[PDB]
């Protein structure tokens, strides 16, 4: 049996009824998903915002031994008043349908220091204790510490085009980022067992936090988004 879901937005409607907005997240009158707070054109500290697609996604099925393959593309911008003081980052993620925002700052709204099923591809702009020294793209499986990462030449206020795919038959999760402005790209892949990492139905979407001090502030804006998932026989 086959179950396929697809969606695509070239720009978000300012009152998006098929997106669950959490924390500080909102859609601007020009159709930008602004995950973290912006006040008089400036990003604010201690901000956390997430946004999930309304329909839960069937990513595996015990009854029938199927596991989903999926892919997603999106464009985002992280713009910082000071390039030397960037925090904390933006992620694409999958979590249980009732998922709520979790700790702020370096925990990216995804994880906490207290409990969590979430798989995430993170675009981390600040080196915490569990991080490598550089900014990086990471693949995260039920932990804020990445299972694998690649160093990331972040370009302030430039559009980044991301493509993420999961191939169920090989358990391979791949994440790429490209800046058309200078045609530079980064990629990372990992072997991930979605089936032991997540429940059978998840919601998908984005999460981002700005830094916990006034001077570590940046935007996390998502400009568009496509997603497709197929759950079918092995």
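Numbering follows the first chain given and starts at 1.
The records show that residue 118 is included in the coordinate set of every other eligible entry of this protein, so it is not omitted in a third of them.
Counting the deposited residues that fall between residue 115 and residue 116 and carry no coordinates gives a value of 1 to 3. If you average the C-alpha B-factors over 49-57 and over 32-40, the higher value belongs to 32-40.
In the deposited entry, the Cα temperature factor of residue 194 places it in the highest third of its chain's modelled residues.
For residue 212, the recorded CA B-factor ranks within the highest third of the chain. Only modelled residues enter the ranking. Annotation for residue 162: C-alpha temperature factor in the lowest third relative to the rest of the modelled chain, per the entry. In this PDB entry, residue 130 carries a Cα temperature factor that places it within the highest third of its chain's modelled residues. Sort the modelled residues of the chain by CA B factor and residue 121 lands in the lowest third.
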